[PDB]
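To start, the structure under review is shown below, and the notes come after it.
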Amino acid sequence: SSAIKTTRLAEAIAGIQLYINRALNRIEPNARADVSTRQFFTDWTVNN
Amino acid sequence: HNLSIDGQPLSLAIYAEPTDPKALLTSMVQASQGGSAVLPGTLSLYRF
């Protein structure tokens, strides 16, 4: 609904988080699994 | 829809009460009309 209110930075955060989460769970095909093993993703539990 | 966890809306509306009607005011309405014409004068048999 239009009642929800956000800022550009908040939206971009949400989108990028969604993209990362989709990537990791292998729901996305053709994942570059080589890069999925990086340290940031290792700490994805506390960097989500 | 940006509600509570149970469906309570977070935003409250207004009633927008009307102006209410106006009491009709009546006025003295007058139509002008004349009086009766004089009649031709016959003469009597007594004195003044």
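Any read-out appearing in this document is the output of simple, stated calculations on the displayed coordinates, not a laboratory observation. For neighbour counting, all protein chains shown are included, and Cβ atoms are generated from backbone atoms with ideal geometry for every residue, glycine included.
For the protein assembly as shown, compute the orientation-averaged projected area of the C-alpha convex hull (one quarter of its surface), in nm². Present the calculation step by step, with values, prior to reporting the outcome.
On the way: hull surface 82.7 nm².
That works out to 20.7 nm², a quarter of the Cα hull's surface.
Expressed as an acute angle from 0 to 90° and rounded to the nearest 10, what is the orientation of the C-alpha long axis of helix A:8-24 relative to the principal long axis of chain A?
30 degrees
Per q in 0.14, 0.15, 0.20 1/Å, what log10 I(q)/I(0) does a Debye calculation on the alpha-carbon atoms of chain A return?
-0.45, -0.50, -0.75
May I ask you to evaluate 6.51 cos²θ - 1.76 cosθ + 1.60, the Karplus curve with θ = phi - 60°, for each residue of the stretch B:29-42 and list the ³J(HN,Hα) values in order in whole Hz, giving x for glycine and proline?
In residue order, the calculated couplings are 10, 10, 10, 8, 9, x, x, 6, 6, 6, 9, x, x, 7 Hz.
I'd like the Karplus ³J(HN,Hα) series for the stretch B:4-21: coefficients 6.51, -1.76, 1.60, θ = phi - 60°, whole numbers in Hz, and an x wherever there's a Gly or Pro.
Result, rounded to whole Hz: 6, 5, 10, x, 6, x, 8, 10, 10, 9, 10, 7, 6, 4, x, 7, 6, x.
Whole number please: convex hull volume per residue of the Cα set in chain B, in Å³?
On the way: hull volume 8.6 nm³, N = 48.
Dividing the Cα hull volume of chain B by its residues yields 179 Å³.
I'd like to compare A:41-47, A:2-8: which one has the highest average count of other Cβ atoms within 10 Å, and what's the full order after that?
Working: A:41-47: 10.4, A:2-8: 7.7.
So the peptides A:41-47, A:2-8, ranked by packing, come out A:41-47, A:2-8.
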